[PDB]
Amino acid sequence: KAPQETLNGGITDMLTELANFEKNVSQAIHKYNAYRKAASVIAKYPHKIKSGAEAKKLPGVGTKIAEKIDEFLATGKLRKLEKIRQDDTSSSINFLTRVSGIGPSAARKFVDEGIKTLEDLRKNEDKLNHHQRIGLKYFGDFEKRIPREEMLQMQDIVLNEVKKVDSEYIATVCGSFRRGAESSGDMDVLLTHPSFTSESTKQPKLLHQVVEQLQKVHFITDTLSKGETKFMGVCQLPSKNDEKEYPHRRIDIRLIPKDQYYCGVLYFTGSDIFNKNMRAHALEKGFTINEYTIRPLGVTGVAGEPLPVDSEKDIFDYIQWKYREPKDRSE
DNA sequence: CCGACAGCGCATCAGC
DNA sequence: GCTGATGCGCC
DNA sequence: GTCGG
Ligand SMILES: [Mg+2]
Ligand SMILES: [Mg+2]
Ligand code: NA
Ligand code: NA
């Protein structure tokens, strides 16, 4: 659907880099998103932008980005970004955030103390928390993409073991995988059980038993966090004799009350872009959709009680939208 | 001018 | 000990 | 940084 990156790639890459620096170094998440918003609308623009004034016309592009675009079109670069790039502190802070568990604050703290590389993190493992040690251990693997064929083999294992623990569980792999992508960044598993509804006692065991079974068959190899409702960890496909091991992958497993299950599958199937569009439409029709429920909006905009949801389609029905196949949810 | 830009689970920090 | 805040990862 | 009350 998108135009050739050749059209405005130089601009979109510049904005994305600026975004990353705002997020990781300046700690300005809203400027990070402003740049991502501008990058996205420009990426969708089917013409080669010839000036900042032309870009200014697009929603999300304001005076400052228009000015940056003119500098980029005139010189092929941005002095501010060139300087940021060669700044040892900013570069180092930005790089460390690539480690799962190391966000802007820890990255800054580390660099402030002279810890700037993966080698430095290794020599100072006692300054890292559990999550960070794991992100460091699998730095490379966590950045690799997961081909869909491996996602299918991973799902076979998850579905097989979940039913083995209790045939009444319901599990659904969501994310880009469910939207049919040829590769995914991780695996997100949503599970529910007939015995677990919003008005049911907190049952951490329903999640735990599934996690333990996946650890028993050696599928789950590490744990980043694990509560009564959400597990975040690492998994790996069994190796094919003589063949090289598969890289370790990020997997999340969420236990959701049955009456909130389908809103969850909807939310975690995404994409974020499609979800925003769906939430916007819902509001227009007098409804508000979040991760757990869909609720009617009263005269003054106050959300009422959660509506009954027994499938993803029920949600689309409520908002008078034709059911969108997951593969059609990129936007 | 200036507030919104989503908000929550889990791990860990700050402080009583 | 515990409560509440913060960092981080997430559609 | 951008939008909009
Ligand atoms: Mg049975
Ligand atoms: Mg996901
Ligand atoms: Na604009
Ligand atoms: Na990180």
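Computed from heavy atoms alone, side chains included, the values below leave out hydrogens, waters and symmetry copies. Throughout, protein chains are lettered first and strands after them, A, B, ... in sequence-line order, and every chain is numbered starting at 1.
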Could you give me the CA-CA distance, side-chain angles and deciding distance for A:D166 and A:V210, then say whether side-chain contact (heavy atoms from CB on, under 4.5 Å) is met? CA-CA 9 Å; A:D166 184 329; A:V210 160; over 6 Å; no

Could you go step by step and tell me if A:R108 and A:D112 meet the salt bridge (charged side-chain N to carboxylate O under 4.0 Å, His left out) rule? CA-CA 6 Å; A:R108 192 183 223 302; A:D112 280 346; 3.7 Å; yes

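One N or O donor and one acceptor, one from the side chain of A:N275 and one from the base of C:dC11, sit under 3.5 Å apart. Residue-to-nucleotide contacts include no donor-acceptor pair under 3.5 Å from the side chain of A:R250 to the base of C:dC10.
Legend: residues meeting salt bridge (charged side-chain N to carboxylate O under 4.0 Å, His left out) with A:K109, ordered by chain and number and at least two apart, are absent.
Nearest nucleotide to the A:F268 side chain, out of C:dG7, C:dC11, B:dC10: C:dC11. For A:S225, the listed nucleotide lying nearest its side chain is B:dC10; candidates were B:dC10, C:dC11, C:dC8. In this structure, of C:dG7, C:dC11, B:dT12, it is C:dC11 that holds the atom nearest to the side chain of A:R279.
Within the structure, side chain to side chain donor-acceptor pair (under 3.5 Å) pairs that include any residue of residues 147-160 of chain A comprise A:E149-A:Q153, A:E150-A:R249, A:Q153-A:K240 (at least two apart or interchain). Applying the side chain to side chain donor-acceptor pair (under 3.5 Å) rule to pairs touching residues 21-41 of chain A yields A:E22-A:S26, A:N24-A:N94, A:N24-A:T97, A:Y32-A:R36, A:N33-A:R36, sequence neighbours excluded. Sorted by first and then second residue, the side chain to side chain donor-acceptor pair (under 3.5 Å) pairs with a member in residues 63-75 of chain A form an empty list; sequence neighbours excluded.
When the P atom is compared between C:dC11 and B:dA4, the two are found 25 Å apart, to the nearest whole Å. The gap from the P atom of D:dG4 to that of B:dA6 amounts to 15 Å, rounded to the nearest Å.
For A:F219 and A:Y246, the gap between ring centers reaches or exceeds 6.0 Å.
Taking a 4.0 Å limit (strictly below) on heavy-atom distances, residues 69-103 of chain A reaches DNA chain C at A:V99, A:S100, A:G101, A:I102, A:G103. Contacts between residues 179-189 of chain A and DNA chain B, defined by a heavy-atom separation under 4.0 Å, are absent.
Counting only Watson-Crick and G-U wobble pairs whose two distances sit under 3.5 Å, DNA chain B takes part in these stems of three or more pairs: B:1-5 with D:1-5, B:7-16 with C:1-10.
In this structure, the separation between OG on A:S100 and CD on A:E143 is 10.5 Å, given to the nearest 0.5 Å. One finds the CD atom of A:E119 at 7.5 Å from the CZ atom of A:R122 (value rounded to the nearest 0.5 Å). One finds the CZ atom of A:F177 at 12.0 Å from the OG atom of A:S183 (value rounded to the nearest 0.5 Å).
Between the side chains of A:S330 and A:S271, no donor-acceptor pair is found at a separation under 3.5 Å. Between the side chains of A:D88 and A:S91, no donor-acceptor pair of N or O atoms lies under 3.5 Å. Between the side chains of A:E245 and A:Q236, at least one donor N or O lies within less than 3.5 Å of an accepting N or O. Side chains of A:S225 and A:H131: a donor-acceptor N/O pair is absent below 3.5 angstrom, by distance only. Side-chain contact annotation: A:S200 with A:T197, donor-acceptor N/O pair under 3.5 Å present.
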So which protein N/O to nucleotides 2-7 of chain B N/O distances come out below 3.5 Å?
{"unit_1": "B:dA6", "atom_1": "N1", "unit_2": "A:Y267", "atom_2": "OH", "d": "2.9"}

All N/O contacts under 3.5 Å from nucleotides 2-4 of chain C to the protein, with atom names and distances to one decimal?
none

Mind listing the N/O atom pairs, protein and nucleotides 3-5 of chain D, below 3.5 Å?
{"unit_1": "D:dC3", "atom_1": "OP1", "unit_2": "A:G60", "atom_2": "N", "d": "2.9"}

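Among A:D252, A:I251, A:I253, the single residue meeting the side chain to side chain contact (heavy atoms under 4.5 Å, CB included) criterion with A:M187 is A:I251.
Salt bridge present: A:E312 and A:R178 bring a charged side-chain N and a carboxylate O closer than 4.0 Å.
Between D:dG1 and A:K31, a contact under 4.0 Å exists linking OP1 or OP2 to a side-chain N or O. Contact annotation: A:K64 side-chain N/O to D:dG1 OP1/OP2 distance is under 4.0 Å.
Cluster partners of A:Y323 are A:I170, A:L190, A:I256, A:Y261, A:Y262, A:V265, A:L266, A:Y267, A:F268, A:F274, A:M278, A:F287, A:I289, A:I294, A:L307, A:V309, A:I315, A:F316, A:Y318, A:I319, A:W321, counting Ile, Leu, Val, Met, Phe, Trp and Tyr whose side-chain heavy atoms approach within less than 4.5 Å, directly or via other members. In the hydrophobic clustering (ILVMFWY side chains linked at under 4.5 Å, chained through shared members), A:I134 is joined by A:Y138, A:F142, A:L224, A:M232, A:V234.
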